[PDB]
């Protein structure tokens, strides 16, 4: 069976928290976060990947740069493009810019992606436990989320269907002694280390797909 808790940050799969700043690019940070963990599982090397490469170059796949996008369209771009540049070689500037993808600087590849069954939190738990960090979308449009600081996030006004923010599930756990009580998903955001809990948020788990965390989850195939 699956572990009572998982935290891929403790195993070297997760880069330090990044900051998308004033650009609608959380989808790009969610996608690079999932590819960073899959490339680490494959090679043992953790290398920060370029969100800007995704913002500037994946319009053909249907993304809109700083005006929004989807993680699956990003994994589709990496596959069609044959690669993705490192954060070091293609730095983030938080504005739409000319595509400058360089194949010689590519440090990652994927053959497409796997989708988690929509709305199934236990399928998501199995993906997190057996694959690594998973890209997910959520409803983050609330002041309670903007000002989140600690504890299990639970917002009554949250939607499980109309999502507006891409994030990365890096694990799951529970508070207390009963592994089934006060469960939560461990989620990496892209609003900087300063937001929330060192840039992370615990979102309530197995509470009817709260905030839609299991509605549109996926991970790249490397």
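Residue numbers count along the first chain shown, from 1.
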For residue 197, do at least a third of the other compared PDB entries give no atomic coordinates?
no
Please confirm whether residue 170, modelled here, goes without coordinates in at least one third of the other compared entries that cover both its neighbours.
no
Given the B-factors recorded for C-alpha atoms, which segment has the greater mean, 115 to 123 or 94 to 102?
115 to 123
Mean C-alpha temperature factor, higher of 60 to 68 and 26 to 34
60 to 68
What's the residue among 49, 158, 55, 187 with the greatest CA temperature factor in the PDB record?
158
Among 171, 166, 192, 44, where is the Cα B factor highest in this entry?
44
Here the Cα B-factor of residue 89, set against its chain, lands in the third termed highest
Comparing against every modelled residue in the chain, figure out the third that the C-alpha B-factor of residue 129 lands in (lowest, middle or highest).
middle
Give the position of residue 9 by CA B-factor within its chain, expressed as the lowest, middle or highest third.
lowest
Within-chain third of residue 19 by Cα B-factor, per the entry:
lowest
CA B-factor placement of residue 135, once the chain's modelled residues are sorted into thirds
lowest
